[PDB]
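Geometric and topological summary
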Amino acid sequence: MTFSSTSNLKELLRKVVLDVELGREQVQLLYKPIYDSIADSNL
Amino acid sequence: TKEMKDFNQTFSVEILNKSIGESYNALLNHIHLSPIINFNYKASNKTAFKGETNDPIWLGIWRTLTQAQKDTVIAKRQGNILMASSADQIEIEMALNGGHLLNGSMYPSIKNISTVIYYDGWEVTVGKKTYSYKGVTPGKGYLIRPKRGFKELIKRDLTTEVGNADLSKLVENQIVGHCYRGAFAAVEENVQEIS
Amino acid sequence: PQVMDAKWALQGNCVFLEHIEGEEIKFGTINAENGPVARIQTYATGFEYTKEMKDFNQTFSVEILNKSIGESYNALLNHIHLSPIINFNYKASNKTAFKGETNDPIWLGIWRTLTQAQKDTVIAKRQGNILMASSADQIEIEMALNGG
Amino acid sequence: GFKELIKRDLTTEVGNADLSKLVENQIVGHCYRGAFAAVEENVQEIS
Amino acid sequence: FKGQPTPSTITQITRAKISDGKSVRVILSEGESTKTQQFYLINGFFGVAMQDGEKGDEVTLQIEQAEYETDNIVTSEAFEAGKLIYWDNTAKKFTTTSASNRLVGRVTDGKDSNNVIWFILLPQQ
Amino acid sequence: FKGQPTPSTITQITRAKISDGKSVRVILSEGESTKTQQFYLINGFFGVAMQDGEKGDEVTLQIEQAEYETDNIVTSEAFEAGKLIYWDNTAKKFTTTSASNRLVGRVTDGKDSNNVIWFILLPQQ
Amino acid sequence: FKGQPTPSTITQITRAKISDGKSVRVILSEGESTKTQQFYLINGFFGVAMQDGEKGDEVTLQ
């Protein structure tokens, strides 16, 4: 009795996820040391 | 749509918040730094590759760096922060660090550069289009005087608001993040470098 | 399992375009990033020897076959794990040329090429922390990694 | 970017033996293994 | 993600609705200038330009199909309530005559003494 | 009720608006199928099918007249900004040829390198 | 089974090999008979009948 018969029936076969690093890079505020900030809602 | 928020369990609002934060920060970098990159430098600011020599080590940008510092003290710019594409990081580090001996020429460490920065680009594919902020061009750098000729105007930092839903279609609130901001730059705070 | 299923995750996309006062805002999007898929194969080997050969060939015995199995086993282990590395049709990005090519060097000058690799593995974020090479170049690769 | 999967590292078994030919047990050793690898970890050096 | 450990296929969850479409951005050509809050036929779009824009500039038209007030009519033609209204780009004026003019709306308030009319902006046919 | 304890009269209050009409339900014919977030001319209604379907199935078309992003275009023709576009159902793609095709919008953003265009959807005349 | 609360779709996993195929099972015709352990061409199969087969009786070839 081949294992290939049970290949398609993924429900019967145990499922394990291939652990891997997924995501996207975190962006950062590079400018800040250069610029001097002035904050005022009325500009 | 509200169905998409409910049934698609992985989907939520937090992904939208994260993407808003990322795009927001990337555009802050763009608006603040793109004046530096895009500015049409004149001959007074540009400094050619003084480390040409003949068979110098690729830390010869050190030479090209040092002249630029002189080019700032002349005209009293006094550049203090370096910016350059991360591709040229290591060589710049080898210039900034105590670059090893070369034919007995113990080149000393360059000083009065408190900080270096690496503004590479930032690309994102939204839908069927791709929007990207150009980074520092490879093989270029900028000596910068800080905080005097550069001023950031912050009217509204970041305002995210939930807007016009449509109960007739069971569609959740449109979320919109908007900002009122600007930047002011100057030619009298920059010296360009090649490599 | 015979095949290990991939991971999945979601991200969003927005751009913050410049907003004229009369502008109608442009919406964002989402997308799904799916991990890779790995599968496990089967390897097997054996023998078929007549009992007469066992009986008379006094040199012959099972332990020779056990040693041969061990040798073939570890050889298959290292080959299956590393032959993807060697056989890969590397593109131009991963091919760091021989930067010891500066004329009249000392052959610890392969150091230069290694430095180029340490540069190229840091231009791209793929910082390579271990090296592999044919043992024929073990001397120079030592001299490069030491104080030449 | 490199991962080794080991389901059955190594099993050796003794099996069929045609007594009509006076043949000893067939011996078979086998393993269940897989390797995941990528181009996102490697740089090809020359010399 | 650059320099990720492993390849990973990006699946774009396609969506269509880029924007609500109330207002459309356009770029003015070498013979086109816009004053704020006026009607200009730019790139086949007819709407209320919301920005002062000289040639080569970037200006936003409003095409919300709401009710609009205007005064740029041709005074000779009597605009009665309900009559279809077209845009004559040669003279840059509204007009009741169809001819080759571009249909833009339908008049709600007839021509008053001051040649003002209120209409509703029809879609971009 | 039915077994009402007292005779009574029921008076109706007529009202014509039933829904905003932004989305139309349609039933797929035999020669029709729909993919999520794609344009289809079903029964004279052109819109973005929001659910996958097959023969004899029921789906929802969005006809909001907003701005939509798409690339299913005859790439030979140049879709400059502002040009009218017609759905050719035989080829099942946007064109600028008209002929017997169905006028389905006007382009806001011209054809970029990837043959992607942003266009406003006309209201199904 | 019969008292099933839920409809169930059966998933029949196939396997072509059914038996080793050493012994082919045949039926004795009217004009044919077999003895124990003897060669017979029954229904195009040549083999050693191992049951004394009468007409219409059953046997086991090899």
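A brief report on the enclosed structure follows. (Residues numbered from 1 in each chain as written, not as in the entry; some residues may be left out. Chains lettered and ligands numbered in written order. Part of a larger assembly, values for the part shown. Heavy atoms only, no water.)

**A short note on the packing of aromatic side chains**
Aromatic ring pairs are defined here through the distance separating the ring centres and the angle between the ring planes. Here is the rule: Aromatic rings from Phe, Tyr and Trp, with only the six-membered ring used for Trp, were paired whenever their centres fell within 6.5 Å, and each pair was classed as stacked if the ring planes differed by under 30 degrees, edge-to-face if by over 60, and tilted otherwise. Sitting over a ring, as applied to charges here, requires NZ of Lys or CZ of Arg to be within 6 Å of the ring centre and within 35 degrees of the ring normal.
With the rule as written, the count across this model stands at 29 aromatic pairs over all chains. An aromatic cluster is present here, built from E:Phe39, E:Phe46, E:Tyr68, E:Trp87, E:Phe94 and E:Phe119 joined pairwise through their rings. Stacked on the ring of F:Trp118, the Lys or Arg B:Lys129 has its end atom at 4.6 Å from the ring centre. Here B:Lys155 stacks its cationic end above the ring of B:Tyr180, 5.3 Å away from the centre of that ring.

**Some remarks on the side chain of E:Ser8**
Heads up, the condition is: Numbered from the N terminus, helices here are DSSP runs of H or I no shorter than four residues, and strands are runs of E no shorter than two. Each residue's exposure class comes from its accessible area (1.4 Å probe, protein chains only) as a fraction of the maximum for that residue type: buried when under 20%, exposed when over 50%, partly exposed otherwise. Side-chain atoms alone can form a polar contact between residues adjacent in sequence; in general such a contact is a pair of N or O atoms within 3.5 Å, and within protein one must be able to donate a hydrogen while the other accepts it.
Looking at the element boundaries, E:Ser8 is found in the segment before β1 (9–13). The class for E:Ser8 is buried, based on a relative accessible area of 17%. In terms of polar contacts, E:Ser8 uses its side chain to reach the side chain of C:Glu33, at 3.1 Å.

**Re the sheet that holds strand β9 (residues 117–120) of chain F**
Stated precisely, the cut-off is as follows: Here a strand pair is declared whenever DSSP counts at least two bridges between the two strands. Note on geometry: axes are C-alpha line fits, over the in-contact stretch for helices, and angles between N-to-C directions span 0 to 180 degrees.
Strands sit in the order β2(E)-β5(F)-β9(F)-β8(F)-β6(F)-β7(F) across an open sheet of 6 strands; the sheet is antiparallel. Of all the strands in the sheet, the pair left with one neighbour each is β2 (17–19) of chain E together with β7 (93–95) of chain F. Looking at each pair of strands side by side, their axes are set apart by 45 degrees on average, direction ignored. Inspection of the sheet shows strand β5 (residues 67–70) of chain F paired to β9(F) by 4 bridges, in the antiparallel sense. Its bridge partner being in β9(F), F:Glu69 is matched across the sheet by F:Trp118.

**Re the sheet that holds strand β11 (residues 117–121) of chain E**
Residues and elements named next belong to chain E. A sheet is described by the order of its strands in space; here 5 strands give the open sequence β7-β11-β10-β8-β9, paired in antiparallel fashion. With one partner strand each, in any of the chains shown, β7 (67–70) and β9 (93–95) form the two edges of the open sheet. Averaged over neighbouring strand pairs, the angle between their axes works out to 45 degrees when direction is ignored. As paired elements, strand β10 (residues 102–109) and β11 share 4 bridges and run antiparallel to each other. Of the residues in β11, the one forming a bridge with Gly105 is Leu121.

**Let's talk about the interface of chain D and chain C**
Often the size quoted for an interface is simply the accessible area lost on bringing the parts together. Using the following cut-off: Contact between two residues is taken to exist if any of their heavy atoms lie within 4.5 Å; hydrogens are not considered. As a working definition, buried area equals the accessible area (1.4 Å probe) given up by two parts on being put together, with both sides summed. Here, a salt bridge means any side-chain nitrogen of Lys or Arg that lies within 4 Å of a carboxyl oxygen of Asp or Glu. Residue polarity is assigned by list, with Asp, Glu, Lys and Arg as charged and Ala, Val, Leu, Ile, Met, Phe, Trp, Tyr, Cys and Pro as nonpolar; anything else, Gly included, falls into the polar class.
Of the residues lining the interface, 31 residues belong to chain D; the matching set on chain C comes to 38 residues. With both sides pooled, the region where chain D packs onto chain C buries about 3,300 Å², and carbon together with sulfur makes up 65% of that total. Inspection of the region where chain D meets chain C yields 1 salt bridge. Between D:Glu24 and C:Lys51 there is a salt bridge; the shortest N-O distance is 2.5 Å. Counting across the interface, chain D meets chain C through 14 residue pairs in polar contact. When residues in the side of chain D that touches chain C are grouped by element, the largest group, 10 residues, is from strand β2 (residues 27–36) of chain D. Broken down by class, the residue content of the side of chain D that touches chain C amounts to 15 nonpolar, 8 polar and 8 charged. For strand β6 (residues 95–96) of chain C and strand β3 (residues 44–45) of chain D, the ladder comprises 2 bridges, and the chain directions are parallel.

Purely spatial values, then, with no claim about function.
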